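What follows is a short report on a single structure.
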Amino acid sequence: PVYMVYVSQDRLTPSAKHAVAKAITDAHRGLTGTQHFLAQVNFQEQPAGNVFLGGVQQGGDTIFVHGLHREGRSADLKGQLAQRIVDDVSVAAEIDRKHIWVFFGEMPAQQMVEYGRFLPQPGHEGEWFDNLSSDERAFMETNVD
Amino acid sequence: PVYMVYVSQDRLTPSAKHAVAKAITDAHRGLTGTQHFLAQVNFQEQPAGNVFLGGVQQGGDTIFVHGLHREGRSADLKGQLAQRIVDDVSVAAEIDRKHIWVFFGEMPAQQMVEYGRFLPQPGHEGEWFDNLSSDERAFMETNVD
Amino acid sequence: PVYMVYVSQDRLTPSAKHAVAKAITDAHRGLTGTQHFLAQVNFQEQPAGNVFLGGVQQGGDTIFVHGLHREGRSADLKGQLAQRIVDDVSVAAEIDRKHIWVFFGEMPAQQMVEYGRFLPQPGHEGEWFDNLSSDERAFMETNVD
């Protein structure tokens, strides 16, 4: 999956960024079974004051998580993943839950590419990884914390 | 909902940003009944020359709106909404309608979380808002303009 | 279509941005028939180390391409399109494919707006251009490379 995380510039230190990204990555892995290295967290930082709620300009506490996933998972599983991302990002950023928005969008895996390769269906991460070439597997393995 | 608003850096002044956020939030609340405080506008500024049309680099005047909605509204409604957003953003930004692009994407409300809570179906935000923790109503109420 | 391209600041020179936008645009045109000037490439830059893969901060190499299309094309065509953007962006940015990620999302054309007009269905672009005003046609014609 890709998680776009929109935050206010300098609201998260490098450490907080690391922690929030490990929080989402672990949640995704623990609930879906997708390998760690298939989960991308991409921080989009903007100047604080670039976020309006009901027209009211915000300080710098709002986090928006747009998660882009393969289709095929249940409403239930996705609900549990969204709630775990709320809880865990709240703890990682030290930001109260009222500031956290999370949207999940899904697409057919056949129109989804990661590391230059088309993704498999959600059950099939193991076979797929096993059939990649050697150097591709090697590159992927180093993106695990 | 969330409206991602991609603009060139230093194209919209803070007052023009406020104006545009208003125009959008007004459009959404007017045409859907969704309470003012559930609509985020999130400005994403890039340096001019980061937008290409047909391979031709642009100046600083393109505006692209990406609206992220709950599923369940009619296409007639959605067309009316996209048209009003074009009109009112064109006026509030003093930008010609030929520079404005607007895409709506939709998701099940069961996988959309705002203020740390799961969103209702599009007609039912009243009873959703009533049944909430007193402090959550209190915070939500402040983000209205 | 709108292709959102998430890259790191300093990664692509101006000349490389041009070459990448050109390759994406020529791929979309050559495989779907949509006129050049309808294709937007929007580069979003963030400082290096904003991307995490599997919880491990990356340098500045990864390229994420989020293409927003209208519905109604085959999975065969979308697979060819994604693979060709991978190949032509890898060549044009002189980046290895293992850094390239590509997601296609689709929406009904009735909720999509380019140059302030509503898009047609994917093969009716000719009649659609032939019912636009003179000045709109001229403005769109200047966006061809």
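If you're wondering about the labels, chains in the structure tokens are A, B, ... by order shown, residues count from 1 in each chain, ligands from 1 in order shown.
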Output chain C, superimposed onto chain A using in-order Cα pairs, as a CSV table (one decimal) with N, CA and C atoms, in the first residue's frame:
```csv
chain,number,residue,atom,x,y,z
C,1,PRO,N,0.7,-1.2,-0.2
C,1,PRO,CA,0.0,0.0,0.1
C,1,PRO,C,0.9,1.3,0.1
C,2,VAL,N,0.2,2.4,-0.2
C,2,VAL,CA,0.9,3.7,-0.1
C,2,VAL,C,0.1,4.6,0.9
C,3,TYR,N,0.7,5.0,2.0
C,3,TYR,CA,0.0,5.9,2.9
C,3,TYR,C,0.6,7.3,2.7
C,4,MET,N,-0.2,8.2,2.1
C,4,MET,CA,0.1,9.6,2.0
C,4,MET,C,-0.3,10.3,3.3
C,5,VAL,N,0.7,10.9,4.0
C,5,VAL,CA,0.5,11.6,5.3
C,5,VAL,C,0.7,13.1,5.2
C,6,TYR,N,-0.4,13.8,5.3
C,6,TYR,CA,-0.4,15.3,5.2
C,6,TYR,C,-0.3,15.9,6.5
C,7,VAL,N,0.9,16.5,6.8
C,7,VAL,CA,1.2,17.2,8.1
C,7,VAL,C,1.7,18.6,7.8
C,8,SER,N,1.9,19.3,8.9
C,8,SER,CA,2.4,20.6,8.8
C,8,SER,C,4.0,20.6,9.0
C,9,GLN,N,4.7,21.5,8.3
C,9,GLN,CA,6.1,21.6,8.5
C,9,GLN,C,6.4,21.9,9.9
C,10,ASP,N,7.5,21.3,10.4
C,10,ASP,CA,8.0,21.4,11.8
C,10,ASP,C,7.1,20.5,12.8
C,11,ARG,N,6.0,20.0,12.4
C,11,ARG,CA,5.1,19.4,13.4
C,11,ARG,C,5.7,18.1,14.0
C,12,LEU,N,6.2,17.2,13.1
C,12,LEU,CA,6.8,16.0,13.6
C,12,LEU,C,8.3,16.1,13.4
C,13,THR,N,9.0,15.8,14.5
C,13,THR,CA,10.5,15.7,14.5
C,13,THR,C,10.8,14.5,13.6
C,14,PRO,N,12.1,14.4,13.1
C,14,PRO,CA,12.6,13.2,12.4
C,14,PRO,C,12.3,11.9,13.2
C,15,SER,N,12.5,12.0,14.5
C,15,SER,CA,12.2,10.8,15.3
C,15,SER,C,10.7,10.4,15.3
C,16,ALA,N,9.9,11.5,15.4
C,16,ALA,CA,8.4,11.2,15.3
C,16,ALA,C,8.0,10.7,14.0
C,17,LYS,N,8.6,11.2,12.9
C,17,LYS,CA,8.3,10.7,11.5
C,17,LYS,C,8.6,9.2,11.5
C,18,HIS,N,9.8,8.8,11.9
C,18,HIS,CA,10.1,7.4,12.0
C,18,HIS,C,9.1,6.6,12.8
C,19,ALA,N,8.8,7.1,14.0
C,19,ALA,CA,7.8,6.4,14.9
C,19,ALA,C,6.4,6.3,14.3
C,20,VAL,N,6.0,7.3,13.6
C,20,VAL,CA,4.7,7.3,12.9
C,20,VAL,C,4.7,6.3,11.7
C,21,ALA,N,5.7,6.4,10.9
C,21,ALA,CA,5.8,5.4,9.8
C,21,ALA,C,5.9,4.0,10.3
C,22,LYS,N,6.7,3.8,11.3
C,22,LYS,CA,6.8,2.4,12.0
C,22,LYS,C,5.4,2.0,12.4
C,23,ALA,N,4.6,2.8,13.0
C,23,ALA,CA,3.3,2.4,13.6
C,23,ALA,C,2.3,2.1,12.5
C,24,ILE,N,2.3,2.9,11.4
C,24,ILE,CA,1.4,2.6,10.3
C,24,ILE,C,1.9,1.3,9.6
C,25,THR,N,3.2,1.1,9.4
C,25,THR,CA,3.7,-0.1,8.8
C,25,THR,C,3.4,-1.4,9.6
C,26,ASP,N,3.6,-1.3,10.9
C,26,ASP,CA,3.4,-2.5,11.7
C,26,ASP,C,1.9,-2.8,11.8
C,27,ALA,N,1.0,-1.7,11.8
C,27,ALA,CA,-0.4,-2.0,11.7
C,27,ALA,C,-0.8,-2.7,10.4
C,28,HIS,N,-0.4,-2.2,9.3
C,28,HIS,CA,-0.7,-2.8,8.0
C,28,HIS,C,-0.2,-4.3,8.0
C,29,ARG,N,1.0,-4.5,8.4
C,29,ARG,CA,1.6,-5.9,8.4
C,29,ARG,C,0.8,-6.8,9.3
C,30,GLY,N,0.7,-6.4,10.6
C,30,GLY,CA,0.0,-7.2,11.6
C,30,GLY,C,-1.4,-7.6,11.2
C,31,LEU,N,-2.1,-6.7,10.5
C,31,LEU,CA,-3.5,-7.0,10.3
C,31,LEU,C,-3.8,-7.6,8.9
C,32,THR,N,-2.9,-7.3,7.9
C,32,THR,CA,-3.2,-7.9,6.6
C,32,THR,C,-2.2,-9.0,6.2
C,33,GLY,N,-1.0,-9.0,6.8
C,33,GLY,CA,0.1,-10.0,6.4
C,33,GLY,C,1.0,-9.6,5.3
C,34,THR,N,0.7,-8.5,4.6
C,34,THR,CA,1.6,-7.9,3.6
C,34,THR,C,3.0,-7.6,4.3
C,35,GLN,N,4.0,-8.0,3.6
C,35,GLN,CA,5.4,-7.8,4.2
C,35,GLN,C,5.7,-6.3,4.4
C,36,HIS,N,6.5,-6.1,5.4
C,36,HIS,CA,6.9,-4.7,5.8
C,36,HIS,C,7.3,-3.9,4.5
C,37,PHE,N,8.2,-4.5,3.7
C,37,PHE,CA,8.9,-3.7,2.7
C,37,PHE,C,7.9,-3.3,1.6
C,38,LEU,N,6.7,-3.8,1.6
C,38,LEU,CA,5.7,-3.4,0.6
C,38,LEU,C,4.9,-2.2,1.0
C,39,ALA,N,5.1,-1.7,2.2
C,39,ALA,CA,4.4,-0.6,2.8
C,39,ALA,C,5.2,0.7,2.7
C,40,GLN,N,4.6,1.7,2.0
C,40,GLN,CA,5.3,3.0,1.9
C,40,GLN,C,4.5,4.0,2.7
C,41,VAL,N,5.2,4.8,3.5
C,41,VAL,CA,4.7,6.0,4.1
C,41,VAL,C,5.4,7.2,3.6
C,42,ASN,N,4.6,8.1,3.0
C,42,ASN,CA,5.1,9.3,2.3
C,42,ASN,C,4.6,10.5,3.0
C,43,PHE,N,5.4,11.2,3.7
C,43,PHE,CA,5.0,12.4,4.4
C,43,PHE,C,5.1,13.6,3.4
C,44,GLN,N,4.0,14.3,3.3
C,44,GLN,CA,3.9,15.6,2.6
C,44,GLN,C,3.7,16.7,3.7
C,45,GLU,N,4.6,17.6,3.7
C,45,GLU,CA,4.6,18.7,4.7
C,45,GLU,C,4.2,20.0,4.0
C,46,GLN,N,3.3,20.8,4.7
C,46,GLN,CA,3.0,22.1,4.1
C,46,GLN,C,3.1,23.1,5.3
C,47,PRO,N,3.4,24.3,5.0
C,47,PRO,CA,3.5,25.3,6.2
C,47,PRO,C,2.2,25.3,6.9
C,48,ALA,N,2.3,25.7,8.2
C,48,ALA,CA,1.1,25.7,9.1
C,48,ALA,C,0.1,26.8,8.6
C,49,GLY,N,-1.2,26.5,8.8
C,49,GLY,CA,-2.2,27.4,8.3
C,49,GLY,C,-2.6,27.1,6.9
C,50,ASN,N,-2.1,26.1,6.3
C,50,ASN,CA,-2.6,25.6,5.0
C,50,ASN,C,-3.9,24.8,5.1
C,51,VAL,N,-4.2,24.3,6.3
C,51,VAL,CA,-5.4,23.5,6.5
C,51,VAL,C,-6.5,24.4,7.1
C,52,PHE,N,-7.7,24.3,6.5
C,52,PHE,CA,-8.9,24.9,7.0
C,52,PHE,C,-9.9,23.9,7.4
C,53,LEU,N,-10.6,24.0,8.5
C,53,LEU,CA,-11.6,23.1,8.9
C,53,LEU,C,-12.9,24.0,9.0
C,54,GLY,N,-13.9,23.6,8.2
C,54,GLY,CA,-15.1,24.4,8.2
C,54,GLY,C,-14.9,25.9,7.9
C,55,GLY,N,-13.9,26.2,7.1
C,55,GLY,CA,-13.5,27.5,6.8
C,55,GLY,C,-12.7,28.3,7.8
C,56,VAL,N,-12.2,27.6,8.8
C,56,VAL,CA,-11.4,28.3,9.9
C,56,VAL,C,-10.0,27.7,9.8
C,57,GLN,N,-9.0,28.6,9.5
C,57,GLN,CA,-7.6,28.2,9.4
C,57,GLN,C,-7.2,27.6,10.7
C,58,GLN,N,-6.5,26.5,10.6
C,58,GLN,CA,-6.0,25.7,11.7
C,58,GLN,C,-4.5,26.0,12.0
C,59,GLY,N,-4.1,25.7,13.2
C,59,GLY,CA,-2.7,25.7,13.6
C,59,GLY,C,-1.9,24.6,12.8
C,60,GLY,N,-1.1,23.8,13.4
C,60,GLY,CA,-0.4,22.8,12.6
C,60,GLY,C,-0.6,21.4,13.0
C,61,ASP,N,-1.7,21.1,13.7
C,61,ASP,CA,-1.8,19.8,14.4
C,61,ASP,C,-2.4,18.7,13.6
C,62,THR,N,-3.4,19.1,12.7
C,62,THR,CA,-4.2,18.0,12.1
C,62,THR,C,-3.3,17.1,11.3
C,63,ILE,N,-3.6,15.8,11.3
C,63,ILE,CA,-2.9,14.8,10.5
C,63,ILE,C,-3.9,14.1,9.6
C,64,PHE,N,-3.7,14.2,8.3
C,64,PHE,CA,-4.6,13.5,7.3
C,64,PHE,C,-3.8,12.3,6.7
C,65,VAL,N,-4.3,11.1,6.9
C,65,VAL,CA,-3.7,9.9,6.4
C,65,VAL,C,-4.6,9.4,5.2
C,66,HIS,N,-4.0,9.3,4.0
C,66,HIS,CA,-4.7,8.8,2.8
C,66,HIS,C,-4.0,7.5,2.4
C,67,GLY,N,-4.6,6.3,2.8
C,67,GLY,CA,-4.1,5.0,2.5
C,67,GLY,C,-4.7,4.5,1.2
C,68,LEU,N,-3.8,4.1,0.3
C,68,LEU,CA,-4.2,3.5,-1.0
C,68,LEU,C,-3.8,2.1,-0.9
C,69,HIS,N,-4.8,1.2,-1.1
C,69,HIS,CA,-4.8,-0.2,-0.9
C,69,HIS,C,-5.3,-0.9,-2.1
C,70,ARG,N,-5.0,-2.2,-2.2
C,70,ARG,CA,-5.7,-3.0,-3.2
C,70,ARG,C,-7.0,-3.5,-2.7
C,71,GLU,N,-7.9,-3.8,-3.6
C,71,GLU,CA,-9.2,-4.3,-3.3
C,71,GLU,C,-9.2,-5.7,-2.8
C,72,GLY,N,-10.3,-6.1,-2.1
C,72,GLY,CA,-10.5,-7.5,-1.8
C,72,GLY,C,-10.5,-7.8,-0.3
C,73,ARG,N,-10.4,-6.9,0.6
C,73,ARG,CA,-10.4,-7.1,2.0
C,73,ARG,C,-11.8,-6.8,2.5
C,74,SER,N,-12.1,-7.3,3.7
C,74,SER,CA,-13.5,-7.1,4.2
C,74,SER,C,-13.6,-5.7,4.8
C,75,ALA,N,-14.8,-5.2,5.0
C,75,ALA,CA,-15.0,-4.0,5.7
C,75,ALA,C,-14.7,-4.1,7.1
C,76,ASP,N,-14.9,-5.3,7.7
C,76,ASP,CA,-14.4,-5.5,9.1
C,76,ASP,C,-12.9,-5.2,9.3
C,77,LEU,N,-12.1,-5.9,8.4
C,77,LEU,CA,-10.6,-5.7,8.5
C,77,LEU,C,-10.2,-4.2,8.2
C,78,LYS,N,-10.9,-3.6,7.2
C,78,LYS,CA,-10.5,-2.2,7.0
C,78,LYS,C,-10.9,-1.3,8.1
C,79,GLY,N,-12.0,-1.6,8.8
C,79,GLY,CA,-12.4,-0.8,10.0
C,79,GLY,C,-11.3,-1.0,11.1
C,80,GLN,N,-11.0,-2.2,11.4
C,80,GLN,CA,-9.9,-2.5,12.4
C,80,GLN,C,-8.6,-1.8,12.0
C,81,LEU,N,-8.2,-1.8,10.7
C,81,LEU,CA,-7.0,-1.2,10.2
C,81,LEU,C,-7.0,0.3,10.5
C,82,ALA,N,-8.1,1.0,10.1
C,82,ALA,CA,-8.2,2.4,10.2
C,82,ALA,C,-8.1,2.8,11.7
C,83,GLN,N,-8.9,2.1,12.5
C,83,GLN,CA,-8.9,2.4,14.0
C,83,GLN,C,-7.5,2.2,14.6
C,84,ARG,N,-6.8,1.2,14.1
C,84,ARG,CA,-5.5,1.0,14.7
C,84,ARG,C,-4.5,2.0,14.2
C,85,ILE,N,-4.6,2.5,13.0
C,85,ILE,CA,-3.7,3.5,12.6
C,85,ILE,C,-4.0,4.8,13.4
C,86,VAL,N,-5.3,5.1,13.7
C,86,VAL,CA,-5.6,6.2,14.5
C,86,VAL,C,-4.9,6.1,15.9
C,87,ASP,N,-5.1,4.9,16.5
C,87,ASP,CA,-4.6,4.7,17.9
C,87,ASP,C,-3.0,4.8,17.9
C,88,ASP,N,-2.4,4.1,17.0
C,88,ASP,CA,-0.9,4.0,17.0
C,88,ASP,C,-0.3,5.3,16.4
C,89,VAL,N,-1.0,6.1,15.6
C,89,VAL,CA,-0.4,7.4,15.2
C,89,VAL,C,-0.6,8.4,16.3
C,90,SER,N,-1.8,8.4,16.9
C,90,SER,CA,-2.0,9.2,18.1
C,90,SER,C,-0.9,9.0,19.1
C,91,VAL,N,-0.6,7.7,19.4
C,91,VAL,CA,0.4,7.5,20.4
C,91,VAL,C,1.8,7.9,19.9
C,92,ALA,N,2.1,7.5,18.6
C,92,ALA,CA,3.5,7.7,18.1
C,92,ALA,C,3.8,9.1,17.8
C,93,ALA,N,2.8,9.9,17.4
C,93,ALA,CA,3.1,11.4,17.2
C,93,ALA,C,2.8,12.2,18.5
C,94,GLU,N,2.2,11.5,19.5
C,94,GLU,CA,1.8,12.2,20.7
C,94,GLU,C,0.8,13.3,20.4
C,95,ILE,N,-0.1,13.0,19.5
C,95,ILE,CA,-1.1,13.9,19.1
C,95,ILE,C,-2.5,13.3,19.5
C,96,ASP,N,-3.4,14.2,19.9
C,96,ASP,CA,-4.8,13.8,20.3
C,96,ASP,C,-5.5,13.2,19.1
C,97,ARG,N,-6.3,12.2,19.3
C,97,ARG,CA,-7.0,11.5,18.2
C,97,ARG,C,-7.9,12.5,17.4
C,98,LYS,N,-8.5,13.5,18.1
C,98,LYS,CA,-9.4,14.4,17.5
C,98,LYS,C,-8.8,15.1,16.3
C,99,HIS,N,-7.5,15.1,16.1
C,99,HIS,CA,-6.7,15.7,15.0
C,99,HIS,C,-6.5,14.7,13.9
C,100,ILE,N,-6.9,13.4,14.0
C,100,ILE,CA,-6.4,12.4,13.1
C,100,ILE,C,-7.6,12.1,12.1
C,101,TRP,N,-7.3,12.2,10.9
C,101,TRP,CA,-8.3,11.8,9.8
C,101,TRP,C,-7.7,10.7,9.0
C,102,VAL,N,-8.5,9.7,8.6
C,102,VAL,CA,-7.9,8.5,7.9
C,102,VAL,C,-8.9,8.1,6.8
C,103,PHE,N,-8.5,8.2,5.5
C,103,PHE,CA,-9.3,7.7,4.4
C,103,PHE,C,-8.6,6.6,3.7
C,104,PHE,N,-9.3,5.4,3.5
C,104,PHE,CA,-8.8,4.3,2.7
C,104,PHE,C,-9.5,4.3,1.4
C,105,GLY,N,-8.7,4.4,0.3
C,105,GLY,CA,-9.2,4.1,-1.1
C,105,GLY,C,-8.6,2.8,-1.6
C,106,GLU,N,-9.3,2.1,-2.4
C,106,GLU,CA,-8.9,0.8,-3.0
C,106,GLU,C,-8.9,0.8,-4.5
C,107,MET,N,-8.0,0.1,-5.1
C,107,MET,CA,-7.9,-0.1,-6.5
C,107,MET,C,-7.7,-1.6,-6.8
C,108,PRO,N,-8.1,-2.1,-8.0
C,108,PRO,CA,-7.7,-3.5,-8.4
C,108,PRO,C,-6.2,-3.6,-8.4
C,109,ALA,N,-5.7,-4.7,-7.8
C,109,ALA,CA,-4.2,-4.9,-7.8
C,109,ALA,C,-3.6,-4.9,-9.2
C,110,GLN,N,-4.4,-5.2,-10.2
C,110,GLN,CA,-3.8,-5.3,-11.6
C,110,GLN,C,-3.4,-4.0,-12.1
C,111,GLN,N,-3.9,-2.9,-11.5
C,111,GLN,CA,-3.4,-1.5,-11.9
C,111,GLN,C,-2.6,-0.9,-10.8
C,112,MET,N,-1.8,-1.7,-10.1
C,112,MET,CA,-0.9,-1.2,-9.0
C,112,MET,C,0.5,-1.9,-9.1
C,113,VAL,N,1.5,-1.0,-8.9
C,113,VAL,CA,2.9,-1.4,-9.3
C,113,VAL,C,3.7,-0.9,-8.1
C,114,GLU,N,4.5,-1.8,-7.5
C,114,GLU,CA,5.5,-1.5,-6.4
C,114,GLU,C,6.8,-2.1,-6.8
C,115,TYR,N,7.9,-1.3,-6.6
C,115,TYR,CA,9.3,-1.7,-7.0
C,115,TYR,C,9.3,-2.1,-8.5
C,116,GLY,N,8.5,-1.5,-9.3
C,116,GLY,CA,8.4,-1.9,-10.7
C,116,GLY,C,7.8,-3.2,-11.1
C,117,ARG,N,7.1,-3.9,-10.2
C,117,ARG,CA,6.4,-5.1,-10.5
C,117,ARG,C,4.9,-4.9,-10.1
C,118,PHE,N,4.1,-5.8,-10.7
C,118,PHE,CA,2.6,-5.7,-10.5
C,118,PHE,C,2.3,-6.4,-9.2
C,119,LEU,N,1.4,-5.9,-8.4
C,119,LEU,CA,1.1,-6.5,-7.1
C,119,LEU,C,0.3,-7.7,-7.3
C,120,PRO,N,0.3,-8.7,-6.3
C,120,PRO,CA,-0.6,-9.8,-6.4
C,120,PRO,C,-1.8,-9.5,-5.6
C,121,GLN,N,-2.8,-10.4,-5.6
C,121,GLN,CA,-3.9,-10.4,-4.7
C,121,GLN,C,-3.6,-10.5,-3.2
C,122,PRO,N,-4.4,-10.0,-2.3
C,122,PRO,CA,-3.9,-9.7,-0.9
C,122,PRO,C,-3.4,-10.9,-0.1
C,123,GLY,N,-3.4,-12.1,-0.6
C,123,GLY,CA,-3.0,-13.2,0.2
C,123,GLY,C,-1.9,-14.1,-0.4
C,124,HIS,N,-1.6,-13.7,-1.7
C,124,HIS,CA,-0.7,-14.5,-2.5
C,124,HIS,C,0.7,-13.8,-2.5
C,125,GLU,N,1.0,-13.0,-1.5
C,125,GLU,CA,2.3,-12.3,-1.4
C,125,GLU,C,3.5,-13.2,-1.2
C,126,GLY,N,3.3,-14.4,-0.6
C,126,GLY,CA,4.4,-15.3,-0.4
C,126,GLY,C,4.9,-15.9,-1.7
C,127,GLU,N,4.0,-16.5,-2.4
C,127,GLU,CA,4.4,-17.0,-3.8
C,127,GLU,C,4.9,-15.9,-4.6
C,128,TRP,N,4.3,-14.7,-4.5
C,128,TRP,CA,4.7,-13.6,-5.3
C,128,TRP,C,6.2,-13.2,-5.0
C,129,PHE,N,6.5,-13.1,-3.7
C,129,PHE,CA,7.9,-12.9,-3.4
C,129,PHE,C,8.8,-14.0,-3.8
C,130,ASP,N,8.3,-15.2,-3.8
C,130,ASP,CA,9.1,-16.4,-4.2
C,130,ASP,C,9.2,-16.5,-5.7
C,131,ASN,N,8.7,-15.6,-6.5
C,131,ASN,CA,8.9,-15.6,-7.9
C,131,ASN,C,9.6,-14.4,-8.4
C,132,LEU,N,10.3,-13.6,-7.4
C,132,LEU,CA,11.0,-12.4,-7.8
C,132,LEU,C,12.5,-12.8,-7.9
C,133,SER,N,13.2,-12.0,-8.7
C,133,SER,CA,14.6,-12.1,-8.9
C,133,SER,C,15.4,-12.0,-7.6
C,134,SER,N,16.7,-12.5,-7.6
C,134,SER,CA,17.5,-12.5,-6.4
C,134,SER,C,17.8,-11.0,-6.0
C,135,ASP,N,18.2,-10.2,-7.0
C,135,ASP,CA,18.6,-8.8,-6.6
C,135,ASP,C,17.3,-8.1,-6.1
C,136,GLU,N,16.2,-8.3,-6.8
C,136,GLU,CA,15.0,-7.6,-6.3
C,136,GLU,C,14.6,-8.1,-4.9
C,137,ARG,N,14.7,-9.4,-4.6
C,137,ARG,CA,14.4,-9.8,-3.3
C,137,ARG,C,15.4,-9.2,-2.3
C,138,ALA,N,16.7,-9.1,-2.6
C,138,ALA,CA,17.7,-8.5,-1.7
C,138,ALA,C,17.4,-7.0,-1.5
C,139,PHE,N,17.2,-6.2,-2.5
C,139,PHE,CA,16.8,-4.8,-2.4
C,139,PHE,C,15.5,-4.7,-1.5
C,140,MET,N,14.5,-5.6,-1.7
C,140,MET,CA,13.3,-5.4,-0.8
C,140,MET,C,13.6,-5.8,0.6
C,141,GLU,N,14.5,-6.8,0.8
C,141,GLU,CA,14.8,-7.2,2.2
C,141,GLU,C,15.6,-6.1,2.9
C,142,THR,N,16.3,-5.2,2.2
C,142,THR,CA,16.9,-4.1,3.0
C,142,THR,C,15.9,-3.1,3.5
C,143,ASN,N,14.7,-3.2,3.2
C,143,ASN,CA,13.6,-2.2,3.6
C,143,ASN,C,12.7,-2.9,4.6
C,144,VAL,N,13.3,-3.3,5.7
C,144,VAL,CA,12.6,-3.9,6.8
C,144,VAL,C,13.1,-3.3,8.1
C,145,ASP,N,12.2,-2.8,9.0
C,145,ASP,CA,12.5,-2.3,10.3
C,145,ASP,C,11.5,-2.7,11.3
```
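Residues of region 47-107 of chain A carrying a DSSP assignment of strand (DSSP E), computed from the backbone, are residues 51, 52, 53, 56, 57, 63, 64, 65, 66, 67, 68, 69, 70, 100, 101, 102, 103, 104, 105, 106 and 107 of chain A.
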Go ahead and save the picked residues with C-alpha atoms, as a CSV table (one decimal), in the first residue's frame.
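As a result, result_25.csv now contains:
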```
chain,number,residue,atom,x,y,z
A,51,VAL,CA,-5.4,23.4,6.4
A,52,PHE,CA,-9.0,24.7,6.8
A,53,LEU,CA,-11.7,23.0,8.8
A,56,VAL,CA,-11.5,27.9,10.0
A,57,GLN,CA,-7.7,27.9,9.5
A,63,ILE,CA,-2.8,14.7,10.4
A,64,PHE,CA,-4.5,13.4,7.3
A,65,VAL,CA,-3.7,9.8,6.3
A,66,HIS,CA,-4.7,8.8,2.8
A,67,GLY,CA,-4.1,5.1,2.4
A,68,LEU,CA,-4.1,3.5,-1.0
A,69,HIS,CA,-4.7,-0.3,-0.9
A,70,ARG,CA,-5.5,-3.2,-3.1
A,100,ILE,CA,-6.4,12.5,13.1
A,101,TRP,CA,-8.3,11.8,9.8
A,102,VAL,CA,-7.9,8.5,7.9
A,103,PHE,CA,-9.3,7.7,4.4
A,104,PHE,CA,-8.8,4.3,2.6
A,105,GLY,CA,-9.0,4.1,-1.2
A,106,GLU,CA,-8.7,0.8,-3.0
A,107,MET,CA,-7.8,-0.2,-6.6
```
Check the DSSP output for the backbone and give back, as a PyMOL selection string, the residues of region 4-136 of chain B in alpha helix (DSSP H).
chain B and resi 14-32+75-93+125-130+134-136
